[PDB]
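Trainee: Handing you this structure, nothing more for now.
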There are 2 protein chains.
Amino acid sequence: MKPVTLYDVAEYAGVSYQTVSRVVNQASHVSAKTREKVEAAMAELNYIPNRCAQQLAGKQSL
Amino acid sequence: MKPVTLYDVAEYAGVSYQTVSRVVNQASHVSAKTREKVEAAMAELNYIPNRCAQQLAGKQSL
DNA sequence: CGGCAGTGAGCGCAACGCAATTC
DNA sequence: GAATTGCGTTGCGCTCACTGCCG
């Protein structure tokens, strides 16, 4: 009925959303405490980068 | 890559971006004389009406 | 006044930047 | 002392749909 959404992982992790997807995107100065939770959320809901809102968001390819 | 979307094909045909997409969704009364014209222009300019954008667009599923 | 096109807005993830604050 | 948090949006194509543009 309903697939996965980044917003779900954000709320499950209890973080500012940005910190979640940045771990699989380009995490740099993220505290171990912060990544600890977001990893749990990403693995819990199974976060798969879908090809839809990626091209549209303004990627290097439409 | 060239960001030629329904916005660029509009001016090229002398219309808006709705006449262009008109044939992509249903292809109803497209001016009656510009139905095949836009379709041809699409193939000519190698215009690609996305792949997943039209899905998240006009969802109306909520 | 009537046909038929055009604009408007929303959906989703992704990214920028410098200093104060917390660990 | 050095890590680390953030903010908050747009915005893009693309859709529908009603309403206005041009006649």
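Ordered as shown in the structure tokens, chains take letters A, B, and onward, while each chain numbers its residues from 1 and ligands are numbered from 1 in the order shown.
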Show me, as JSON, numbers by chain, the residues that have an atom within 7 Å of range 3-19 of chain C when counting only C-alpha atoms (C1' of nucleotides), minus same-chain residues fewer than 5 positions from it.

Mentor: {"A": [53, 54, 57], "B": [16, 18, 56, 57]}

Trainee: Selection from above, C-alpha atoms, as a JSON list (two decimals), in the first residue's frame, can you write it?

Mentor:
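Generated file (result.json):
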[["chain", "number", "residue", "atom", "x", "y", "z"],
["A", 53, "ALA", "CA", 12.83, 12.33, -7.25],
["A", 54, "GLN", "CA", 16.56, 12.10, -7.93],
["A", 57, "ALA", "CA", 15.58, 17.21, -7.76],
["B", 16, "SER", "CA", 3.37, 26.51, -24.07],
["B", 18, "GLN", "CA", 0.99, 22.00, -22.15],
["B", 56, "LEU", "CA", 5.00, 12.26, -8.81],
["B", 57, "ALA", "CA", 3.37, 14.98, -10.95]]

Trainee: Per residue of chain B within 9 Å of chain A, which atom pair is closest and at what distance in Å (one decimal), using only C-alpha atoms, listed by chain and increasing number, as a tab-separated table?

Mentor:
residue	atom	partner	partner_atom	distance
B:1	CA	A:61	CA	7.0
B:3	CA	A:62	CA	7.4
B:50	CA	A:62	CA	7.5
B:51	CA	A:52	CA	7.7
B:52	CA	A:52	CA	5.0
B:53	CA	A:52	CA	6.2
B:55	CA	A:52	CA	8.5
B:56	CA	A:53	CA	8.0

Trainee: Once chain B is superposed on chain A with a least-squares fit on all C-alpha pairs taken in order, can you show it as a short mmCIF file (atom, residue, chain, number, x, y, z; two decimals) with N, CA and C atoms, in the first residue's frame?

Mentor:
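part-v7.cif, written as the output of this step:
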data_model
loop_
_atom_site.label_atom_id
_atom_site.label_comp_id
_atom_site.auth_asym_id
_atom_site.auth_seq_id
_atom_site.Cartn_x
_atom_site.Cartn_y
_atom_site.Cartn_z
N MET B 1 1.34 -0.35 -0.32
CA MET B 1 2.65 -0.52 0.36
C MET B 1 2.91 0.68 1.28
N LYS B 2 3.71 0.47 2.32
CA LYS B 2 4.02 1.53 3.28
C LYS B 2 4.90 2.60 2.64
N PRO B 3 4.41 3.85 2.55
CA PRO B 3 5.19 4.94 1.97
C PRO B 3 6.17 5.53 2.97
N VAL B 4 7.07 4.69 3.46
CA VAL B 4 8.08 5.12 4.42
C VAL B 4 9.33 5.58 3.70
N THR B 5 9.45 6.88 3.54
CA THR B 5 10.59 7.45 2.88
C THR B 5 11.46 8.19 3.87
N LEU B 6 12.41 8.96 3.36
CA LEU B 6 13.29 9.77 4.19
C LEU B 6 12.51 10.71 5.14
N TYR B 7 11.21 10.93 4.89
CA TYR B 7 10.41 11.81 5.75
C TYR B 7 9.97 11.09 7.03
N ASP B 8 9.64 9.82 6.90
CA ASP B 8 9.16 9.02 8.03
C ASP B 8 10.31 8.61 8.96
N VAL B 9 11.46 8.32 8.37
CA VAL B 9 12.64 7.91 9.13
C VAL B 9 13.21 9.09 9.94
N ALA B 10 12.86 10.30 9.52
CA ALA B 10 13.31 11.51 10.19
C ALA B 10 12.80 11.56 11.62
N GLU B 11 11.48 11.57 11.78
CA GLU B 11 10.88 11.61 13.11
C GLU B 11 11.28 10.39 13.94
N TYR B 12 11.38 9.24 13.29
CA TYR B 12 11.78 8.01 13.96
C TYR B 12 13.15 8.15 14.62
N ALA B 13 14.01 8.96 14.03
CA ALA B 13 15.36 9.15 14.57
C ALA B 13 15.46 10.47 15.34
N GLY B 14 14.45 11.33 15.20
CA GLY B 14 14.46 12.60 15.90
C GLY B 14 15.24 13.68 15.17
N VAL B 15 15.28 13.57 13.85
CA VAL B 15 15.99 14.51 13.02
C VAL B 15 15.15 14.83 11.79
N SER B 16 15.75 15.48 10.82
CA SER B 16 15.06 15.81 9.58
C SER B 16 15.33 14.74 8.54
N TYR B 17 14.98 15.01 7.28
CA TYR B 17 15.21 14.04 6.23
C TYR B 17 16.58 14.23 5.58
N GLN B 18 17.38 15.15 6.11
CA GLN B 18 18.70 15.40 5.54
C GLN B 18 19.74 14.53 6.24
N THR B 19 19.57 14.32 7.55
CA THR B 19 20.49 13.50 8.30
C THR B 19 20.38 12.06 7.84
N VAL B 20 19.17 11.68 7.45
CA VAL B 20 18.91 10.32 6.95
C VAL B 20 19.63 10.10 5.61
N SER B 21 19.44 11.04 4.68
CA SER B 21 20.05 10.97 3.35
C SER B 21 21.55 11.26 3.39
N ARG B 22 22.00 11.84 4.51
CA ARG B 22 23.40 12.22 4.69
C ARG B 22 24.35 11.06 4.41
N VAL B 23 23.95 9.87 4.83
CA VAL B 23 24.79 8.68 4.63
C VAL B 23 24.52 7.99 3.30
N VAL B 24 23.45 8.38 2.63
CA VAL B 24 23.09 7.77 1.37
C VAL B 24 23.89 8.36 0.22
N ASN B 25 24.31 9.62 0.36
CA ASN B 25 25.02 10.29 -0.71
C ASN B 25 26.55 10.23 -0.53
N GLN B 26 27.04 10.67 0.62
CA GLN B 26 28.47 10.68 0.86
C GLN B 26 28.84 10.12 2.22
N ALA B 27 27.98 10.33 3.22
CA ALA B 27 28.21 9.85 4.60
C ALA B 27 29.36 10.60 5.28
N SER B 28 29.34 11.93 5.18
CA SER B 28 30.36 12.79 5.77
C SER B 28 30.21 12.85 7.31
N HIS B 29 30.30 14.04 7.88
CA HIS B 29 30.15 14.21 9.32
C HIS B 29 28.68 14.14 9.70
N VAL B 30 28.18 12.93 9.87
CA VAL B 30 26.79 12.71 10.25
C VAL B 30 26.65 12.77 11.76
N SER B 31 26.86 13.96 12.32
CA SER B 31 26.76 14.18 13.76
C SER B 31 27.87 13.47 14.55
N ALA B 32 28.64 12.63 13.85
CA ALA B 32 29.78 11.87 14.43
C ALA B 32 29.32 10.69 15.30
N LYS B 33 28.13 10.82 15.88
CA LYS B 33 27.58 9.79 16.75
C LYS B 33 26.30 9.17 16.18
N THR B 34 25.86 9.70 15.06
CA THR B 34 24.66 9.22 14.40
C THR B 34 24.96 8.84 12.95
N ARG B 35 26.18 8.42 12.66
CA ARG B 35 26.52 8.08 11.28
C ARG B 35 26.05 6.67 10.98
N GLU B 36 26.40 5.78 11.88
CA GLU B 36 26.06 4.38 11.74
C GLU B 36 24.64 4.15 12.22
N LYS B 37 24.17 5.06 13.05
CA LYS B 37 22.82 4.98 13.60
C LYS B 37 21.77 5.07 12.50
N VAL B 38 21.88 6.07 11.61
CA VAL B 38 20.93 6.21 10.53
C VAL B 38 21.02 5.04 9.55
N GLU B 39 22.24 4.58 9.29
CA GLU B 39 22.47 3.45 8.39
C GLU B 39 21.77 2.20 8.91
N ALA B 40 21.89 2.01 10.21
CA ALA B 40 21.28 0.87 10.88
C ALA B 40 19.77 0.99 10.82
N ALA B 41 19.27 2.18 11.10
CA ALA B 41 17.84 2.45 11.09
C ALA B 41 17.26 2.15 9.71
N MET B 42 18.05 2.44 8.68
CA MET B 42 17.64 2.22 7.30
C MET B 42 17.43 0.74 7.06
N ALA B 43 18.39 -0.06 7.46
CA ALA B 43 18.31 -1.50 7.29
C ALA B 43 17.20 -2.08 8.18
N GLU B 44 17.06 -1.52 9.38
CA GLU B 44 16.07 -1.99 10.33
C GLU B 44 14.65 -1.76 9.84
N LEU B 45 14.37 -0.54 9.38
CA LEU B 45 13.04 -0.20 8.88
C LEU B 45 12.89 -0.66 7.44
N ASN B 46 13.95 -1.26 6.91
CA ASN B 46 13.97 -1.76 5.52
C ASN B 46 13.74 -0.59 4.56
N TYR B 47 14.20 0.59 4.99
CA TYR B 47 14.05 1.82 4.22
C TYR B 47 14.83 1.77 2.92
N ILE B 48 14.16 2.03 1.83
CA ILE B 48 14.82 1.99 0.53
C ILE B 48 14.97 3.40 -0.06
N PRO B 49 16.21 3.93 -0.09
CA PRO B 49 16.51 5.25 -0.66
C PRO B 49 16.33 5.30 -2.17
N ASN B 50 15.17 4.84 -2.63
CA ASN B 50 14.80 4.83 -4.03
C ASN B 50 15.81 4.13 -4.92
N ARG B 51 15.75 4.44 -6.21
CA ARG B 51 16.64 3.87 -7.19
C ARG B 51 16.97 4.90 -8.27
N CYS B 52 15.97 5.68 -8.70
CA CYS B 52 16.22 6.66 -9.75
C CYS B 52 15.82 8.09 -9.36
N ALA B 53 15.17 8.24 -8.21
CA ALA B 53 14.74 9.57 -7.76
C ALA B 53 15.93 10.52 -7.51
N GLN B 54 16.99 10.01 -6.86
CA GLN B 54 18.17 10.79 -6.52
C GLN B 54 18.86 11.29 -7.77
N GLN B 55 18.57 10.66 -8.89
CA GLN B 55 19.15 11.08 -10.17
C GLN B 55 18.47 12.39 -10.59
N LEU B 56 17.16 12.33 -10.86
CA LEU B 56 16.39 13.54 -11.20
C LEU B 56 16.38 14.56 -10.04
N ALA B 57 16.93 14.22 -8.89
CA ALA B 57 16.94 15.16 -7.78
C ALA B 57 18.30 15.83 -7.68
N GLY B 58 18.30 17.15 -7.61
CA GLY B 58 19.55 17.89 -7.54
C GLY B 58 20.44 17.66 -8.74
N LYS B 59 19.81 17.56 -9.90
CA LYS B 59 20.51 17.32 -11.15
C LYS B 59 21.69 18.27 -11.32
N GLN B 60 21.37 19.56 -11.32
CA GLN B 60 22.36 20.60 -11.49
C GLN B 60 23.22 20.34 -12.74
N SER B 61 22.61 19.69 -13.73
CA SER B 61 23.30 19.37 -14.96
C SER B 61 22.92 20.35 -16.05
N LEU B 62 22.19 21.39 -15.66
CA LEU B 62 21.75 22.42 -16.58
C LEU B 62 21.92 23.78 -15.94
#

Trainee: Report as a Markdown table: every residue of chain D with an atom at most 9 Å from chain A, its closest pair of atoms, and their distance in Å to one decimal, counting only C-alpha atoms (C1' of nucleotides), with rows sorted by chain and ascending residue number.

Mentor:
| residue | atom | partner | partner_atom | distance |
| --- | --- | --- | --- | --- |
| D:3 | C1' | A:29 | CA | 7.3 |
| D:4 | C1' | A:29 | CA | 6.3 |
| D:5 | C1' | A:30 | CA | 8.5 |
| D:6 | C1' | A:16 | CA | 8.5 |
| D:11 | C1' | A:57 | CA | 6.7 |
| D:12 | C1' | A:56 | CA | 5.0 |
| D:13 | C1' | A:56 | CA | 6.3 |

Trainee: Store the residues picked out above, limited to C-alpha atoms (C1' of nucleotides), as a CSV table (one decimal), in the first residue's frame.

Mentor:
chain,number,residue,atom,x,y,z
D,3,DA,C1',34.5,18.4,16.4
D,4,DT,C1',29.8,19.2,14.9
D,5,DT,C1',25.6,20.8,14.6
D,6,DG,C1',21.8,23.4,10.6
D,11,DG,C1',13.1,23.4,-7.5
D,12,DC,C1',12.9,20.6,-11.2
D,13,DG,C1',9.7,18.4,-14.7

Trainee: Which parts of chain A does DSSP call helix (DSSP H, G or I) when run on the backbone here, written out as a short mmCIF file (atom, residue, chain, number, x, y, z; two decimals) with N, CA, C and O atoms, in the first residue's frame?

Mentor:
data_model
loop_
_atom_site.label_atom_id
_atom_site.label_comp_id
_atom_site.auth_asym_id
_atom_site.auth_seq_id
_atom_site.Cartn_x
_atom_site.Cartn_y
_atom_site.Cartn_z
N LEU A 6 12.01 8.74 2.81
CA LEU A 6 13.12 9.25 3.60
C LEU A 6 12.62 9.89 4.89
O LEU A 6 13.28 9.82 5.92
N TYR A 7 11.44 10.50 4.80
CA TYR A 7 10.81 11.14 5.95
C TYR A 7 10.57 10.15 7.06
O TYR A 7 10.67 10.49 8.24
N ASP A 8 10.29 8.90 6.70
CA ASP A 8 10.06 7.86 7.70
C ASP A 8 11.36 7.54 8.44
O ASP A 8 11.38 7.46 9.67
N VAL A 9 12.45 7.39 7.68
CA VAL A 9 13.77 7.09 8.24
C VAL A 9 14.24 8.24 9.12
O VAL A 9 14.87 8.02 10.15
N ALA A 10 13.89 9.46 8.71
CA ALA A 10 14.27 10.66 9.45
C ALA A 10 13.61 10.65 10.81
O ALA A 10 14.28 10.81 11.83
N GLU A 11 12.31 10.39 10.83
CA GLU A 11 11.55 10.37 12.08
C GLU A 11 11.92 9.18 12.97
O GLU A 11 11.98 9.31 14.19
N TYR A 12 12.14 8.02 12.36
CA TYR A 12 12.52 6.83 13.12
C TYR A 12 13.85 7.07 13.81
O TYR A 12 14.03 6.72 14.98
N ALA A 13 14.77 7.72 13.09
CA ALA A 13 16.08 8.00 13.63
C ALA A 13 16.02 9.13 14.64
O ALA A 13 16.93 9.30 15.44
N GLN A 18 18.39 15.61 7.43
CA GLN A 18 19.62 15.85 6.68
C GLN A 18 20.71 14.84 7.05
O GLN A 18 21.39 14.28 6.17
N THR A 19 20.84 14.57 8.34
CA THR A 19 21.85 13.66 8.87
C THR A 19 21.68 12.21 8.40
O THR A 19 22.65 11.45 8.36
N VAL A 20 20.46 11.83 8.06
CA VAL A 20 20.18 10.45 7.62
C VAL A 20 20.75 10.15 6.24
O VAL A 20 21.69 9.36 6.10
N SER A 21 20.21 10.81 5.24
CA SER A 21 20.61 10.59 3.86
C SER A 21 22.05 11.03 3.59
O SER A 21 22.65 10.56 2.63
N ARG A 22 22.61 11.92 4.41
CA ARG A 22 23.97 12.39 4.22
C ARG A 22 24.96 11.28 4.52
O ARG A 22 26.05 11.27 3.95
N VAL A 23 24.59 10.34 5.37
CA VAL A 23 25.47 9.22 5.70
C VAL A 23 25.74 8.36 4.46
O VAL A 23 26.87 7.92 4.22
N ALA A 32 29.48 10.09 15.90
CA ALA A 32 29.21 8.67 15.96
C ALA A 32 27.84 8.41 16.57
O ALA A 32 27.14 7.49 16.18
N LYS A 33 27.46 9.27 17.51
CA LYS A 33 26.18 9.16 18.18
C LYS A 33 25.02 9.41 17.20
O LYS A 33 23.99 8.74 17.26
N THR A 34 25.22 10.37 16.31
CA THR A 34 24.22 10.73 15.32
C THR A 34 24.09 9.67 14.23
O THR A 34 22.99 9.26 13.88
N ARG A 35 25.22 9.19 13.71
CA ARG A 35 25.19 8.17 12.67
C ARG A 35 24.70 6.83 13.19
O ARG A 35 24.09 6.04 12.45
N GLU A 36 24.93 6.59 14.46
CA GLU A 36 24.52 5.34 15.09
C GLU A 36 23.02 5.12 14.92
O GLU A 36 22.58 4.06 14.48
N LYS A 37 22.25 6.15 15.26
CA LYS A 37 20.80 6.09 15.16
C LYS A 37 20.32 6.03 13.71
O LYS A 37 19.50 5.20 13.37
N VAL A 38 20.84 6.91 12.86
CA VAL A 38 20.41 6.96 11.45
C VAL A 38 20.69 5.65 10.71
O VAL A 38 19.92 5.26 9.83
N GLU A 39 21.78 4.97 11.07
CA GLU A 39 22.11 3.71 10.44
C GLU A 39 21.04 2.70 10.80
O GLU A 39 20.55 1.97 9.93
N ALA A 40 20.65 2.70 12.08
CA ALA A 40 19.61 1.81 12.57
C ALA A 40 18.30 2.02 11.82
O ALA A 40 17.61 1.07 11.48
N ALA A 41 17.99 3.28 11.54
CA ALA A 41 16.76 3.62 10.84
C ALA A 41 16.80 3.24 9.36
O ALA A 41 15.82 2.74 8.81
N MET A 42 17.94 3.47 8.73
CA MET A 42 18.09 3.15 7.31
C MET A 42 17.99 1.65 7.09
O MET A 42 17.37 1.20 6.12
N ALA A 43 18.61 0.89 7.97
CA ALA A 43 18.60 -0.56 7.88
C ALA A 43 17.25 -1.14 8.31
O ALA A 43 16.83 -2.18 7.83
N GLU A 44 16.58 -0.45 9.22
CA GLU A 44 15.29 -0.89 9.73
C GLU A 44 14.19 -0.77 8.67
O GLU A 44 13.41 -1.70 8.45
N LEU A 45 14.12 0.36 7.99
CA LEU A 45 13.08 0.56 6.99
C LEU A 45 13.52 0.15 5.60
O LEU A 45 12.70 0.08 4.68
N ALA A 53 12.65 11.00 -7.80
CA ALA A 53 12.83 12.33 -7.25
C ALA A 53 14.31 12.67 -7.26
O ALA A 53 14.72 13.69 -6.73
N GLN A 54 15.13 11.84 -7.87
CA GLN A 54 16.56 12.10 -7.93
C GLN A 54 16.88 12.96 -9.14
O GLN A 54 17.53 14.00 -9.03
N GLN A 55 16.38 12.53 -10.30
CA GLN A 55 16.61 13.25 -11.55
C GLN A 55 15.92 14.61 -11.49
O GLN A 55 16.49 15.64 -11.87
N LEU A 56 14.71 14.57 -10.98
CA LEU A 56 13.88 15.75 -10.86
C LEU A 56 14.45 16.77 -9.89
O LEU A 56 14.41 17.96 -10.17
N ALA A 57 15.04 16.30 -8.80
CA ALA A 57 15.58 17.21 -7.76
C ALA A 57 16.70 18.09 -8.33
O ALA A 57 17.00 19.15 -7.78
N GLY A 58 17.28 17.67 -9.45
CA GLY A 58 18.34 18.43 -10.08
C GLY A 58 19.68 17.72 -9.97
O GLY A 58 20.63 18.25 -9.40
#

Trainee: If I take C1' of residue 2 in chain C and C1' of residue 23 in chain D, how far is one from the other in Å, to one decimal?

Mentor: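 If I compute the distance from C1' of residue 2 in chain C to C1' of residue 23 in chain D, I get 9.2 Å.
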
Trainee: Quick one: pull the distance between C1' of residue 7 in chain D and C1' of residue 22 in chain C, Å, one decimal.

Mentor: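 So the two atoms, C1' of residue 7 in chain D and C1' of residue 22 in chain C, lie 18.0 Å apart.
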